[PDB]
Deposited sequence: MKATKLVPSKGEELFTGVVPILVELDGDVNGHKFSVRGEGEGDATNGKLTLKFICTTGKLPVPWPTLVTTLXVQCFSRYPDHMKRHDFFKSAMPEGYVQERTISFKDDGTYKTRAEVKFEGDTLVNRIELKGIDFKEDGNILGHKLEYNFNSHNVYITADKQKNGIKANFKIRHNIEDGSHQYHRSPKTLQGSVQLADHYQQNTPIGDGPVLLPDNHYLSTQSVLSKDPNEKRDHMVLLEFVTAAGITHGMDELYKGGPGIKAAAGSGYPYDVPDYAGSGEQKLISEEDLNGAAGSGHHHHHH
């Protein structure tokens, strides 16, 4: 488990998606450094233009790279499930808009940590913030609240993602939007279960403090996202 993450680990992410019938695929590659809670990935839309905003896929696109402090190592379910891995399932409910349902397997394939995801999105509004591409190219910082799911030998998580809504204040100096109008909320409901049959660590309640930086590669012609993430576990003193 945790022993597999003490160095720098290559990462592969593969996603097939269907949102309101728009099919797309994403591939990401990079590396993870759990000792420092950090990973760096570059994602490409391999099917052309991504039909949803990149930020709406960030949570779907490897919490095993979180940095658990020494006193909290006993609560790291994600690494404990390795190398066999875990299934990660979510419902993501966009306020006043559609829903994503995701099923992923996160596991080692050789020396590489691989996240393979199927995503289905339904009931999106054509001129809403998602299909209308009205989201800032960035990502707020969040607390991901984790609890043991004893019944399933796994974990559950709940959290509320705040996606910033775009304007460049077009042409004129517009007042900043009121809080409710400035964000598109995405309620996340998450369940993880081990793939292997051996013992896993079932945690006490805690959270992951996540921080993300989104950027572009100036030499990349494909629709893409470069992502840095830094995540630490907390909530137990």
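Note: segments 1-10, 72, 249-303 of the deposited sequence have no C-alpha coordinates in the structure.
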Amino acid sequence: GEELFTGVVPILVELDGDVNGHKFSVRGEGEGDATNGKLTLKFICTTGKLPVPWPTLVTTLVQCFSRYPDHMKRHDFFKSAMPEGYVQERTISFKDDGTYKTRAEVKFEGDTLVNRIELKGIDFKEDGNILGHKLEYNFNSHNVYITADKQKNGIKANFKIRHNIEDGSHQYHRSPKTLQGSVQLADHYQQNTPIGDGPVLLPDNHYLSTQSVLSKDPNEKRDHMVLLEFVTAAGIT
From here on, numbers count along this sequence of modelled residues.
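Stretches compared: 99-107, 152-160. Higher mean C-alpha B-factor in the entry: 152-160. For the pair 65-73 and 50-58, the mean B factor over Cα atoms is greater in 65-73. The residue among 184, 40, 191, 175 whose C-alpha atom has the highest B-factor in the PDB entry is 175.
Highest CA B-factor among the listed residues (118, 84, 123, 89): 123.
Residue-level temperature factors show residue 195 in the lowest third of its chain, judged at the C-alpha atom. The PDB entry assigns residue 170 a C-alpha temperature factor belonging to the highest third of its chain's modelled residues. Among the modelled residues of its chain, residue 131 has a C-alpha B-factor that falls in the highest third, as given in the PDB entry.
In this PDB entry, residue 204 carries a Cα temperature factor that places it within the highest third of its chain's modelled residues. Ranked against the other modelled residues of its chain, the C-alpha B-factor of residue 223 as given in the entry falls in the middle third.
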